[PDB]
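A short write-up of the structure that comes next.
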RNA sequence: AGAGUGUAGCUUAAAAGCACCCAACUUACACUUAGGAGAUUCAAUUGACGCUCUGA
């Protein structure tokens with residue numbers, strides 16, 4: 015029922031969500047955020063984190079994205095968040111580690127599309 | 606708005622130059638446009654060495670105008686590539702040329718000839 | 309102050325022979341060879357050697373080896389020039405062919421009245437003499453030859469200033485195009501140094517730091 | 002450093018086989034040149 | 002005149018049938034990964050060495066023009082000056098066999 | 002890159018009117034380098050890494066997460082669900098103890114109570130199983 | 001001999017972010033995708049191993 019911020023049509027990305035998944039790929043670390051509209055980070059999963067950094071070989075590859083999607087999806091089911099709006103750029107969309115990331119999420123248990131607001 | 610302190614916060618055309626001789630004035634001395642021909646009987650040495658010269662110039666922040674190639678000559682074929690360069694400092698002429706001198710792979714000759 | 313006006317010249321030899329490959333460069337070299345083979349597109353020499361023995365096999369069922377053996381025996385005729393004319397000498401430091409793959413530096417013994425120093429060749433200049441003309445004068449002064457060298461710019465490369473009375477020593481840079489180095493048996497002591505003898509011959513910090521503008525590669 | 006941009010590969014797609022043929026121009030200067038039908042030693046008169 | 006030789010040969014179309022067998026094993030691809038990784042290390046350390054030559058020699062020539070600038074005021078005005086002789090500049094590469 | 006600098010300038014405190022105004026050790030690094038060097042040393046694990054088929058076990062990541070940086074993510078979630086503005090009038094704290102509470106669902110399994118879950122009152126009919134690793138304590142709901 | 005001292009290239013980062021390299025699309029460059037390498041100089045805020053400068 016709550017208001018999705020409907021506007022912002024000229025400016026990428028959309029604000030019309032309640033939860034945005036945002037993958038931050040740096041030079042050294044694959045990072046994954048789950049945020050509100052307000053910029054409050056709700057649930058994150060980063061490879062700058064000793065519980066997951068030591069099980070991994072390299073902190074940036076398709077393995078780290080598949081694992082950060084497994085771990086992030088498992089963290090978001092237990093946080094009671096089933097619905098995100100992930101919006102990529104069209105080069106980030108066709109990348110194999112973000113298809114592997116989205117498959118890790120939707121096979122994890124998290125639907126990457128929110129239901130509509132009821133008016 | 607004009608009468609507000611936030612006037613001109615959105616202007617951007619002063620951030621873009623949306624639009625040749627040699628400049629040796631009194632202290633700030635620099636060459637004009639340059640040309641570097643590369644002639645070899647291998648496509649790989651001319652193209653790849655042109656890549657290496659071009660990445661050296663991008664790593665030295667040089668205004669590289671064009672990086673095209675010339676047609677060949679049936680003699681076998683003599684392969685040529687042209688790399689244009691504008692902007693060199695006084696030390697930067699010697700330090701820049703000495704690495705192209707000390708980086709020729711196998712039997713490829715140079716040119717520091719100029720335009721037209 | 310009385311400045312003892314000194315310029316010099318750090319002569320460079322362009323290497324005529326390319327360096328041999330690293331074994332890592334050998335393995336990556338053959339790897340690039342194989343990936344070039346696996347992505348090529350039907351050379352006619354294969355079409356004249358594979359399909360021709362197919363059709364000649366059909367003729368016997370009812371030559372490129374000559375060509376390759378001619379090419380290989382012509383490859384066995386002409387011997388190669390040595391990349392090392394260096395180890396047979398091992399002592400011809402005065403020879404311009406002392407090393408071929410590296411860059412070689414003119415470097416001559418001198419004996420002052422108060423000093424006795426192995427020296428990168430210097431020049432006593434005049435304010436009427438240009439520093440570029442000081443180096444071009446340094447080309448044909450001590451060697452007494454008909455070398456053909458090349459300069460890039462009026463910029464220097466290494467400055468070392470020792471005093472006793474002031475002085476300053478300027479180290480410029482040239483490049484040998486060719487050279488008619490007549491009478492290689494001079495009375496001087498020119499020794500061509502790649503990199504490593506430059507600390508074996510020049511000890512003080514105004515001379516054991518010439519390598520910081522020598523192209524080490 | 003004369004082996005940096007020599008460890009190469011033909012980066013096109015319409016290219017046939019190329020062989021490491023040694024060539025001599027006029028003065029006894031053998032250079033590997035990618036050339037067809039493995040001649041091995043070349044010489045221009 | 003805009004004429005170049007980047008056009009593909011028209012002969013390179015019909016007989017593209019010599020090599021349909023492109024298959025490798027596990028261990029050759031593993032060693033190939035070691036070659037690409039260690040060769041990326043190799044070229045990386047190469048350009049780190051060349052960056053050390055550019056920075057080292059360039060600081061040597063900048064301090065050269067500063068010592069010449071402070072020890073000769075009328076000779077660093079001409080030290081910046083450029084030669085009329087590098088205009089038809091050439092240099093052939095190295096070879097294998099000297100004459 | 003413009004997106005990165007652009008988000009950084011978005012979060013910066015500006016002097017004009019903006020959307021936010023209205024809509025607002027050494028032994029550990031030694032064992033870490035030794036264990037990461039001993040981890041990256043295997044050629045089998047490097048082969049599983051380079052073939053994008055390597056896996057990660059989730060349980061050790063979960064418990065080790067509960068030890069290392071669990072309480073700070075749980076502080077994020079309690080800030081997000083408003084437990085600090087409502088349960089202590091804004092005064093924050095850090096949940097240091099990795100608690101466990103789960104409701105006995107029948108006899109076989111038990112619905113876990115993590116930070117932010119959905120549990121029915123059918124599953125919450127009976128008082129739960131409380132297990133935590135500590136040594137006094139008062140529990141509240 | 002003394003002074004300034006000291007994170008991988010840089011950081012009023014606190015083991016991070018940019019820089020960096022290879023492979024592919026590119027004539028090439030760039031973008032992007034895939035991969036790679038990296039340091040708190042050693043001992044208890046302090047002393048001595050290394051760099052720079054001021055001298056002989």
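Protein chains in written order, with our numbering: chain B, 15 to 133; chain X, 606 to 721; chain S, 309 to 525; chain Z, 2 to 46; chain G, 2 to 100; chain D, 2 to 142. Where a beta carbon is used, it is the ideal one built from N, C-alpha and C, also for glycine.
Determine the burial state of residue i: buried for a count of at least 16 other Cβ atoms within 10 Å of its Cβ, exposed for fewer.
| i | result |
| --- | --- |
| residue 131 of chain D | exposed |
| residue 62 of chain G | buried |
| residue 410 of chain S | buried |
| residue 83 of chain B | buried |
| residue 703 of chain X | buried |
| residue 621 of chain X | exposed |
| residue 105 of chain B | exposed |
| residue 436 of chain S | exposed |
With 8 Å as the threshold, decide whether the Cβ of residue i is near any Cβ in chain Z.
| i | result |
| --- | --- |
| residue 691 of chain X | no |
| residue 648 of chain X | yes |
| residue 376 of chain S | yes |
| residue 353 of chain S | yes |
Taking 8 Å as the threshold (beta carbon to beta carbon), is residue i in contact with chain S?
| i | result |
| --- | --- |
| residue 39 of chain Z | yes |
| residue 6 of chain Z | no |
| residue 80 of chain G | yes |
| residue 45 of chain Z | no |
| residue 707 of chain X | yes |
Please decide whether residue i counts as near chain G, where near means a Cβ-Cβ distance under 8 Å.
| i | result |
| --- | --- |
| residue 51 of chain D | yes |
| residue 634 of chain X | yes |
Looking only at C-alpha atoms, which of the options sits nearest to residue i?
| i | options | result |
| --- | --- | --- |
| residue 129 of chain B | B/51, B/32, B/68 | B/32 |
| residue 129 of chain D | D/137, D/105, D/141, D/118 | D/105 |
| residue 446 of chain S | S/502, S/415, S/419 | S/415 |
| residue 21 of chain Z | Z/28, Z/40, Z/45 | Z/40 |
| residue 64 of chain B | D/20, D/35, D/69 | D/69 |
| residue 54 of chain D | B/77, B/58, B/102 | B/77 |
| residue 87 of chain G | X/637, X/617, X/685, X/619 | X/637 |
| residue 101 of chain D | D/90, D/135, D/74 | D/135 |
| residue 397 of chain S | S/389, S/343, S/407 | S/407 |
| residue 36 of chain Z | X/622, X/631, X/646 | X/646 |
| residue 351 of chain S | G/92, G/79, G/39, G/14 | G/14 |
| residue 453 of chain S | S/359, S/488, S/380, S/510 | S/488 |
| residue 421 of chain S | S/349, S/472, S/517 | S/472 |
| residue 701 of chain X | X/686, X/651, X/682, X/635 | X/635 |
| residue 342 of chain S | G/51, G/84, G/44, G/24 | G/24 |
| residue 39 of chain G | S/433, S/325, S/335, S/480 | S/335 |
| residue 66 of chain D | B/85, B/18, B/75, B/97 | B/85 |
| residue 46 of chain D | B/68, B/127, B/48 | B/68 |
| residue 516 of chain S | S/475, S/467, S/495 | S/467 |
For the beta strand (DSSP E) containing residue i, list its first residue and its last residue.
| i | result |
| --- | --- |
| residue 644 of chain X | 641–645 |
| residue 42 of chain Z | 42–44 |
| residue 98 of chain B | Looking at the DSSP string, residue 98 of chain B is not in any beta strand (DSSP E), and its letter there is neither H nor E. |
| residue 632 of chain X | First-last for residue 632 of chain X: undefined, no H or E at that position. |
| residue 454 of chain S | 454–459 |
| residue 487 of chain S | 482–488 |
| residue 424 of chain S | 424–427 |
| residue 311 of chain S | 311–316 |
| residue 88 of chain D | That residue, residue 88 of chain D, is in no beta strand (DSSP E); its alpha helix (DSSP H) goes 84–88. |
Am I right that residue i and residue j are in contact with their C-beta atoms under 8 Å? What's the rounded C-beta distance?
| i | j | result |
| --- | --- | --- |
| residue 81 of chain B | residue 70 of chain B | 6 Å |
| residue 6 of chain Z | residue 656 of chain X | 7 Å |
| residue 315 of chain S | residue 492 of chain S | The Cβ separation is near 26 Å, so there is no contact. |
| residue 94 of chain G | residue 713 of chain X | 5 Å |
| residue 658 of chain X | residue 675 of chain X | In fact, because the Cβ distance is near 15 Å, the residues do not count as touching under 8 Å. |
For chain D, is any of its Cβ atoms less than 8 Å away from the one on residue i?
| i | result |
| --- | --- |
| residue 71 of chain B | yes |
| residue 31 of chain G | yes |
| residue 33 of chain B | no |
Can you confirm whether residue i, when its beta carbon is compared against all beta carbons of chain X, has any partner nearer than 8 Å?
| i | result |
| --- | --- |
| residue 461 of chain S | yes |
| residue 348 of chain S | no |
Would you give the residue range spanned by the alpha helix (DSSP H) that residue i belongs to?
| i | result |
| --- | --- |
| residue 44 of chain G | 27–72 |
| residue 384 of chain S | 372–385 |
| residue 697 of chain X | 695–706 |
Please tell me whether residue i has its Cβ less than 8 Å away from any Cβ of chain B.
| i | result |
| --- | --- |
| residue 74 of chain D | yes |
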